[PDB]
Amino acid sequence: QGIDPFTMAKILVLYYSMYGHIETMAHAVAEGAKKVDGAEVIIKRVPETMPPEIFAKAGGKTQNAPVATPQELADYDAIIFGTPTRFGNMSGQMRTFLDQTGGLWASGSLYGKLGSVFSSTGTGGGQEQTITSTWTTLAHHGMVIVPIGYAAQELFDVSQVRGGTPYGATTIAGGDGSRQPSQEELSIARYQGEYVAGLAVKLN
């Protein structure tokens, strides 16, 4: 072949988002990952599970990213998972999708690849538990779990409300969803993307 000699690592940013907050974060993660020379980055969402009429009546945000299949997760060197919280877990849509990776699991297709997580909540509560409980699933697949620690200097500033934890980037949407991701939350997300992507390139 010789098809694509310049790509060094492939990064999938896979997310679920209903009102677009994770969607916004996923784009910042991808922007950070694209800063690594040789990192090929693609954004994909998991399929919606609620009936289309019920997504419409709820005002769900239509999204441009392609819908991911479970099988193609095996094509990537690193997967960065984004999900809103549902009472301190990942969303049902993300859970249902990951529940379909059993074929990958049985063949060890995700073993040793890099995994990393970012989340969103309305009022903050559960933002850590959501990431940490997602790591468990990465572990069963044998993925290397990449936290972000305190490299992002924004994390030392507690003068304002802001998402972002050493476990991964987060954003706070507000109870009514009106809060948009801040520059500092987006800067943490970008760091997570670039950090993971650099690691994927180093491992290849």
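One rule holds for the numbers: they count along the sequence shown, beginning at 1.
- Per-stretch averaging of Cα B factors for 35-43 and 133-141 places 35-43 on top.
- Annotation for 88-96 versus 67-75: the higher mean temperature factor (C-alpha) is found in 67-75.
- Looking at the C-alpha B-factors along this chain, the one for residue 147 belongs to the lowest third.
- For residue 29, the recorded CA temperature factor ranks within the middle third of the chain's modelled residues.
- Ranked by C-alpha B-factor against the other modelled residues of its chain, residue 164 falls in the middle third.
- Ranked by Cα temperature factor within the chain, residue 119 sits in the lowest third according to the deposited record.
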